[PDB]
Amino acid sequence: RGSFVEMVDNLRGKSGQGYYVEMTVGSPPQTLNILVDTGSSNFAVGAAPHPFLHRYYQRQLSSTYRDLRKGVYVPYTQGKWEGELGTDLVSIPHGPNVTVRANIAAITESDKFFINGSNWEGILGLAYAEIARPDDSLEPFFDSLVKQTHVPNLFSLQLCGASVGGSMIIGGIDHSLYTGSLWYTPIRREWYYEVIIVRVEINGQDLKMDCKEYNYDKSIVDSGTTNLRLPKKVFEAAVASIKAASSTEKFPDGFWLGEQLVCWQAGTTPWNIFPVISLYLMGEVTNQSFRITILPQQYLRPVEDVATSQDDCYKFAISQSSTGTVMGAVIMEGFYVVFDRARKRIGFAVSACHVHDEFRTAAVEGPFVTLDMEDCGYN
Ligand SMILES: Cc1cc([C@@]2(c3cccc(-c4cncc(Cl)c4)c3)COC(N)=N2)ccc1OC(F)F
Ligand code: NA
Ligand code: NA
């Protein structure tokens, strides 16, 4: 408990392409880089020589593979993936010293799933069975891990922005990874890591919106989304408020829509003209909340690959949604986040690694008195 040195720094990444952990599958072990994804529930890996992939799962080479004789088809916006289900033996070299028999979806065909240039080959869905494909009877990796071992039923994530890095502590917490105290918000329902936002402030100013809007039709904590994604109505109000606070300088209207980038000479990015953003989350006690506070350092994402420019180019990392609020890396990079599955709660503390300046830092503060917090959830 409290200290897990062999798991510190076990995550890597490229900005905008998520964080991945090294895993092994089959016997003898095949090493793969696997995206850490708290927004889905399948362990799905490349299993055929797609051209974007550094490597792939070669089932024929594993003496421990078992076929489930079941296919899986997964469509989404603009694409799909398709695979074949089985089980095999899975370890995390920089995780707990255990090996488990887990469900693996061997991906045989995909469109717009893998990234050309990225260093990962599969996805570790860490969310719940309710959203597994094809159905909730396909046991997610973490459920198998807990059933089959003595690893405690929780994991925590320290994502460090910028090639990025971080830690995934499986089965516990490392106190060196955060400062101050952890504050907990209940997991509203075990499908996504669903939470309830009860209040939103920009630079200290309440958006004074019916709090149901903040959670229309859900809010989730998702390591596999880059951005903070806000429902349309909340996003409109959020930028309107952000536009106002930052009107000391002007930017194209398309910038706030993430349709163009914005650039400053190096060393000369004006952080101070930008407002802090505070989300108040439902607390553990009736009528009690806490708030988490992020900086422009979190919501203005560094974009390296621009041949049209030669400066500090940033994308605005806040965007509309029709699927609800999504607290992606933008949020998580500010905090140490504890996915306390045993107690159905998510903990937040200031991350010991988060990017800030000398004037402002990310914050986790409470308690606050907030009434009618149950009304904030959408049915
Ligand atoms: C349909 C589907 C989507 C996902 C998804 C995902 C897929 C592929 C790439 C990225 C990604 C790309 N670039 C930066 C990042 Cl940070 C992530 C994210 C979409 O949303 C989340 N959270 N993960 C995961 C598994 C799924 O399979 C099914 F089993 F549900
Ligand atoms: Na167990
Ligand atoms: Na600490």
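Going from the start of the chain as shown, residues are counted 1 onward.
If you check the header, you will see the structure was determined by X-ray crystallography, 2.1 Å.
Yeah, the Cβs are placed from backbone N, Cα and C, and that goes for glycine too.
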Where Swiss-Prot places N6-acetyllysine when the choices are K112, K232, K344: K232
Candidate set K70, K147, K315, residue annotated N6-acetyllysine in Swiss-Prot: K70
Second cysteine of the disulfide that Swiss-Prot assigns to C160, among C353, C376: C353
Listed as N6-acetyllysine by Swiss-Prot, one of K218, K243: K218
Feature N6-acetyllysine, as given in Swiss-Prot - residue among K212, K250: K212
Straight-line distance in Å that links Cα of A162 with Cα of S163 while 11 residues remain unmodelled: 7
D222 (active site), number of other Cβ atoms within 10 Å: 23
Entries of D37, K70, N97, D222, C376 (recorded positions) sitting next to ligand 1, with Cβ under 6 Å as the cut-off: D37, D222
Cα separation, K233 (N6-acetyllysine) to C211 (disulfide bond) (Å, whole number): 11
Set of same-chain residues at least 6 away whose C-beta sits under 8 angstroms from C353 (disulfide bond): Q158, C160, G166, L177
